[PDB]
Every structure is written in C-alpha cells, then in structure tokens.
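Student: This one is target.cif, mmCIF, N, CA and C atoms.
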data_my_file
loop_
_atom_site.label_atom_id
_atom_site.label_comp_id
_atom_site.auth_asym_id
_atom_site.auth_seq_id
_atom_site.Cartn_x
_atom_site.Cartn_y
_atom_site.Cartn_z
N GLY A 1 -1.75 6.51 13.00
CA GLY A 1 -1.20 7.40 12.00
C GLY A 1 0.31 7.40 11.94
N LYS A 2 0.94 6.72 12.87
CA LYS A 2 2.39 6.70 12.92
C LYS A 2 2.95 5.61 12.04
N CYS A 3 3.83 5.99 11.16
CA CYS A 3 4.50 5.04 10.33
C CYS A 3 5.91 4.84 10.82
N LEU A 4 6.26 3.62 10.99
CA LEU A 4 7.56 3.23 11.45
C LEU A 4 8.38 2.83 10.25
N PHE A 5 9.60 3.33 10.18
CA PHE A 5 10.48 2.99 9.11
C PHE A 5 10.87 1.53 9.22
N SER A 6 10.36 0.78 8.33
CA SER A 6 10.56 -0.63 8.22
C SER A 6 10.24 -0.96 6.79
N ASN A 7 10.32 -2.19 6.41
CA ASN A 7 9.95 -2.57 5.08
C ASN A 7 9.18 -3.89 5.12
N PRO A 8 7.86 -3.87 4.85
CA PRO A 8 7.11 -2.64 4.51
C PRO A 8 6.88 -1.75 5.75
N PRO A 9 6.86 -0.41 5.57
CA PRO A 9 6.69 0.54 6.67
C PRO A 9 5.43 0.26 7.47
N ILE A 10 5.61 0.00 8.74
CA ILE A 10 4.52 -0.33 9.59
C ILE A 10 3.79 0.93 9.98
N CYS A 11 2.64 1.11 9.43
CA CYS A 11 1.84 2.24 9.73
C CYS A 11 0.75 1.82 10.67
N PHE A 12 0.83 2.32 11.86
CA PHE A 12 -0.11 2.01 12.90
C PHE A 12 -1.40 2.80 12.66
N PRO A 13 -2.56 2.29 13.14
CA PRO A 13 -3.88 2.96 12.97
C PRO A 13 -3.92 4.37 13.59
N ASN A 14 -2.98 4.64 14.46
CA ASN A 14 -2.85 5.95 15.10
C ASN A 14 -2.19 6.98 14.17
#
With the file now loaded, output its structure as structure tokens.
Tutor:
Amino acid sequence: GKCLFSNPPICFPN
C-alpha cells in the first residue's frame, strides 16, 4: 500500500 514518490510512483503491494 505504500507509494514511493518516483515517476511512475512505485506503489508497493503493501
């Protein structure tokens, strides 16, 4: 569920 600010934003399955 955690999205990391990146492009494209890396949203982890958590």
Student: Hey, could you pull the box centre and edge lengths for chain A, axis-aligned, 8 Å padding per side, all listed atoms, to one decimal in Å, as lines of an AutoDock Vina configuration file?
Tutor:
center_x = 3.5
center_y = 1.8
center_z = 9.8
size_x = 30.8
size_y = 27.3
size_z = 26.6
Student: Just list the residues in chain A DSSP gives strand (DSSP E or B) on the backbone, as a PyMOL selection string.
Tutor: chain A and resi 3-4+10-11
Student: Near residue A:14, within 7 Å and counting all atoms listed in the file, which residues show up once chain neighbours fewer than 6 positions away are dropped, as a list in words?
Tutor: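 The neighbour list is residues 1, 2 and 3 of chain A.
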